[PDB]
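Chemist: My structure is in upload20.cif, and what it holds is mmCIF, C-alpha atoms (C1' of nucleotides) and all ligand atoms:
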data_input
#
loop_
_atom_site.label_atom_id
_atom_site.label_comp_id
_atom_site.auth_asym_id
_atom_site.auth_seq_id
_atom_site.Cartn_x
_atom_site.Cartn_y
_atom_site.Cartn_z
CA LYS N 28 309.30 158.41 153.67
CA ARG N 29 308.61 160.77 150.70
CA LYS N 30 308.96 164.61 150.95
CA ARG N 31 305.37 166.00 150.47
CA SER N 32 304.59 166.99 146.80
CA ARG N 33 305.31 170.62 145.74
CA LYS N 34 302.43 173.08 146.42
CA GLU N 35 303.17 176.50 144.79
CA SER N 36 301.62 179.63 146.45
CA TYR N 37 302.07 183.48 146.31
CA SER N 38 302.78 183.72 150.07
CA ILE N 39 306.54 184.77 149.90
CA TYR N 40 305.46 187.67 147.50
CA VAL N 41 302.50 188.63 149.79
CA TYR N 42 304.94 188.72 152.80
CA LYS N 43 307.43 190.86 150.77
CA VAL N 44 304.62 193.31 149.76
CA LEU N 45 303.37 193.36 153.42
CA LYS N 46 306.91 194.28 154.66
CA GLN N 47 307.02 197.31 152.27
CA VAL N 48 303.52 198.48 153.33
CA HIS N 49 303.50 197.49 157.08
CA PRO N 50 307.03 196.53 158.19
CA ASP N 51 305.92 195.67 161.80
CA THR N 52 302.79 193.69 160.65
CA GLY N 53 302.49 189.88 160.12
CA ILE N 54 299.76 187.55 158.80
CA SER N 55 297.90 184.42 160.05
CA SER N 56 297.98 181.22 157.90
CA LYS N 57 294.20 181.64 157.09
CA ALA N 58 294.69 185.35 156.11
CA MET N 59 297.46 184.19 153.71
CA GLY N 60 295.01 181.55 152.33
CA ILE N 61 292.57 184.39 151.51
CA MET N 62 295.42 186.44 149.96
"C1'" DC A 1 240.70 211.95 155.55
"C1'" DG A 2 243.41 214.37 151.93
"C1'" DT A 3 244.92 214.43 147.47
"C1'" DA A 4 247.95 212.01 144.10
"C1'" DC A 5 247.18 209.79 140.35
"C1'" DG A 6 244.24 207.96 136.26
"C1'" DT A 7 241.16 209.30 132.51
"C1'" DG A 8 239.84 211.86 128.63
"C1'" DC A 9 239.54 215.57 125.94
"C1'" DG A 10 241.78 219.34 122.51
"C1'" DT A 11 246.28 221.34 120.99
"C1'" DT A 12 251.16 220.82 119.79
"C1'" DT A 13 255.16 218.46 118.61
"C1'" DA A 14 258.62 215.88 116.40
"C1'" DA A 15 259.18 210.86 115.22
"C1'" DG A 16 259.13 208.21 111.28
"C1'" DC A 17 259.38 207.62 106.64
"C1'" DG A 18 261.50 207.63 102.00
"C1'" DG A 19 264.74 209.85 99.52
"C1'" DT A 20 269.17 211.95 98.16
"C1'" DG A 21 274.05 213.19 98.54
"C1'" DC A 22 278.74 212.86 100.64
"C1'" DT A 23 282.67 210.53 102.42
"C1'" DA A 24 284.73 208.57 107.06
"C1'" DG A 25 286.45 204.73 107.98
"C1'" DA A 26 285.55 199.57 108.13
"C1'" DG A 27 287.88 196.06 106.40
"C1'" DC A 28 290.47 193.62 102.78
"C1'" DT A 29 295.19 192.42 100.40
"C1'" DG A 30 300.08 191.86 100.09
"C1'" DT A 31 304.62 192.54 102.02
"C1'" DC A 32 308.29 191.86 105.43
"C1'" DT A 33 310.55 191.43 109.73
"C1'" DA A 34 310.28 192.00 114.88
"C1'" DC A 35 308.96 188.98 118.21
"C1'" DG A 36 307.72 184.83 120.40
"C1'" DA A 37 308.09 179.58 120.36
"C1'" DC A 38 311.29 176.02 121.03
"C1'" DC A 39 315.52 174.09 122.66
"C1'" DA A 40 319.59 172.80 125.66
"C1'" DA A 41 322.49 173.97 129.32
"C1'" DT A 42 322.99 176.41 133.62
"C1'" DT A 43 321.91 177.55 138.46
"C1'" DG A 44 319.58 180.13 142.10
"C1'" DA A 45 314.80 181.12 143.74
"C1'" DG A 46 311.48 178.81 146.29
"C1'" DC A 47 310.09 174.52 147.93
"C1'" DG A 48 309.42 171.27 152.27
"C1'" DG A 49 311.12 170.34 156.56
"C1'" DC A 50 312.26 171.82 161.13
"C1'" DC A 51 312.96 174.58 165.32
"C1'" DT A 52 311.83 178.81 168.49
"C1'" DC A 53 309.91 182.16 171.25
"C1'" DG A 54 306.64 186.05 171.32
"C1'" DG A 55 301.74 187.12 169.94
"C1'" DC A 56 297.50 186.20 171.34
"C1'" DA A 57 293.83 183.36 173.41
"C1'" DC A 58 291.88 182.88 177.80
"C1'" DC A 59 291.22 184.11 182.48
"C1'" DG A 60 290.00 186.88 186.68
"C1'" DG A 61 289.26 191.27 188.61
"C1'" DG A 62 287.84 195.80 188.61
"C1'" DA A 63 286.08 200.09 186.14
"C1'" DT A 64 282.49 201.72 183.30
"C1'" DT A 65 278.32 202.05 180.70
"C1'" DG A 66 273.70 201.43 179.75
"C1'" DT A 67 268.88 199.80 181.11
"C1'" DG A 68 264.61 199.55 183.64
"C1'" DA A 69 261.80 200.26 187.64
"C1'" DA A 70 259.52 203.29 190.55
"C1'" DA A 71 258.13 207.78 192.03
"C1'" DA A 72 257.04 212.45 190.79
"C1'" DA A 73 256.59 216.28 187.76
"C1'" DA A 74 255.16 218.62 183.16
"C1'" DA A 75 251.94 218.51 179.63
"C1'" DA A 76 248.64 217.35 176.66
"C1'" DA A 77 244.38 215.61 176.72
"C1'" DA A 78 239.75 214.86 177.73
"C1'" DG A 79 235.14 215.54 179.48
"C1'" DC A 80 232.39 219.13 181.57
"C1'" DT A 81 230.14 223.69 181.85
"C1'" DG A 82 227.02 227.85 181.02
"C1'" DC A 83 226.66 231.60 177.93
"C1'" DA A 84 225.95 233.90 173.92
CA CA L 101 303.40 202.40 154.75
CA CA L 102 248.09 211.23 152.46
CA CA L 103 292.78 201.97 107.87
CA CA L 104 308.49 177.65 155.37
#
Transcribe the structure of this file into structure tokens.

Modeler:
Amino acid sequence: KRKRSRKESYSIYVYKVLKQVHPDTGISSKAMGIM
DNA sequence: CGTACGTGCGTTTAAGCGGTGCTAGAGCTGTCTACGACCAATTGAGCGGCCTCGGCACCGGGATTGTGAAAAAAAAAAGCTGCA
């Protein structure tokens, strides 16, 4: 087909900050949208 | 029904005005280079795609908490007295 066009986001940085602050805590897709 | 506000006086206060005198600092000019744009080549961070397995949604069952009804007490409340 085509590979879907590139959509930048902050979500890898949010996940990295979350793992410093709450190592045993994750985040729903919506939550990450809000972030 | 109780009194906080609005009105209207006389007394007091300091804003406003116009002026002067002093200089902090706003803002302008000219110089020079540290810093940011631009570029080309390099490459690794982050993208999409994909797979998985554990959190969490949902369920049923039981424990727990809170509500309302009725009956019965506690209490204020009300109408009812003669006196003074
Ligand atoms: Ca912490
Ligand atoms: Ca009152
Ligand atoms: Ca100056
Ligand atoms: Ca991904």

Chemist: So which residues are near ligand CA 104 (chain L), meaning at most 10 Å away with all atoms listed in the file counted, given back as a VMD selection string?

Modeler: (chain N and resid 38 to 39) or (chain A and resid 46 to 50)

Chemist: Please check the contacts: residues of chain N at most 7 Å away from chain A, using all atoms listed in the file, listed as a list in words.

Modeler: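 Those within range of chain A come out as residues 30, 31 and 33 of chain N.
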
Chemist: Using all atoms listed in the file, which residues of chain N come within 7 Å of ligand CA 101 (chain L), and what is the closest atom pair for each, with the distance in Å to one decimal? Give it as JSON lines, sorted by chain and residue number.

Modeler:
{"residue": "N:47", "atom": "CA", "partner": "L:CA101", "partner_atom": "CA", "distance": 6.7}
{"residue": "N:48", "atom": "CA", "partner": "L:CA101", "partner_atom": "CA", "distance": 4.2}
{"residue": "N:49", "atom": "CA", "partner": "L:CA101", "partner_atom": "CA", "distance": 5.4}

Chemist: Could you turn the residues from that selection into a file that holds C-alpha atoms, as an mmCIF file, in the frame of the given file?

Modeler:
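Saved result, selection14.cif, follows:
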data_model
loop_
_atom_site.group_PDB
_atom_site.id
_atom_site.type_symbol
_atom_site.label_atom_id
_atom_site.label_comp_id
_atom_site.auth_asym_id
_atom_site.auth_seq_id
_atom_site.Cartn_x
_atom_site.Cartn_y
_atom_site.Cartn_z
ATOM 1 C CA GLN N 47 307.020 197.310 152.270
ATOM 2 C CA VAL N 48 303.520 198.480 153.330
ATOM 3 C CA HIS N 49 303.500 197.490 157.080
#

Chemist: Using only C-alpha atoms (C1' of nucleotides), determine which residues lie at most 12 Å from residue 62 (chain N), disregarding the query and same-chain residues fewer than 2 positions distant; provide the list as an MDAnalysis selection string.

Modeler: chainID N and resid 36:42 44:45 54:60

Chemist: Just give me the gap between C1' of residue 1 (chain A) and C1' of residue 75 (chain A) in Å, one decimal is fine.

Modeler: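 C1' of residue 1 (chain A) sits 27.4 Å away from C1' of residue 75 (chain A).
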
Chemist: Counting all atoms listed in the file, what are the residues, protein, DNA or RNA alike, that approach ligand CA 103 (chain L) to within 9 Å? I want them as a list in words.

Modeler: residues 25, 26 and 27 of chain A

Chemist: Provide the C1' of residue 40 (chain A) to CA of residue 32 (chain N) distance in Å, to one decimal place.

Modeler: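 For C1' of residue 40 (chain A) relative to CA of residue 32 (chain N), the distance reads 26.6 Å.
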
Chemist: Quote the spacing between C1' of residue 56 (chain A) and CA of residue 61 (chain N) in Å to one decimal place.

Modeler: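 We find that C1' of residue 56 (chain A) and CA of residue 61 (chain N) lie 20.5 Å from each other.
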
Chemist: With a cut-off of 10 Å, could you pull out the residues of chain A touching ligand CA 102 (chain L) and give me the nearest pair of atoms for each, distance in Å to one decimal, using only C-alpha atoms (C1' of nucleotides) and all ligand atoms, ordered by chain and ascending number, as a Markdown table?

Modeler:
| residue | atom | partner | partner_atom | distance |
| --- | --- | --- | --- | --- |
| A:1 | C1' | L:CA102 | CA | 8.0 |
| A:2 | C1' | L:CA102 | CA | 5.7 |
| A:3 | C1' | L:CA102 | CA | 6.7 |
| A:4 | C1' | L:CA102 | CA | 8.4 |

Chemist: Could you turn the residues from that selection into a file that holds C-alpha atoms (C1' of nucleotides), as a PDB file, in the coordinates of the input?

Modeler:
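Saved to out_17.pdb:
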ATOM      1  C1'  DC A   1     240.700 211.950 155.550  1.00  0.00           C
ATOM      2  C1'  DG A   2     243.410 214.370 151.930  1.00  0.00           C
ATOM      3  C1'  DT A   3     244.920 214.430 147.470  1.00  0.00           C
ATOM      4  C1'  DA A   4     247.950 212.010 144.100  1.00  0.00           C
TER       5       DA A   4
END
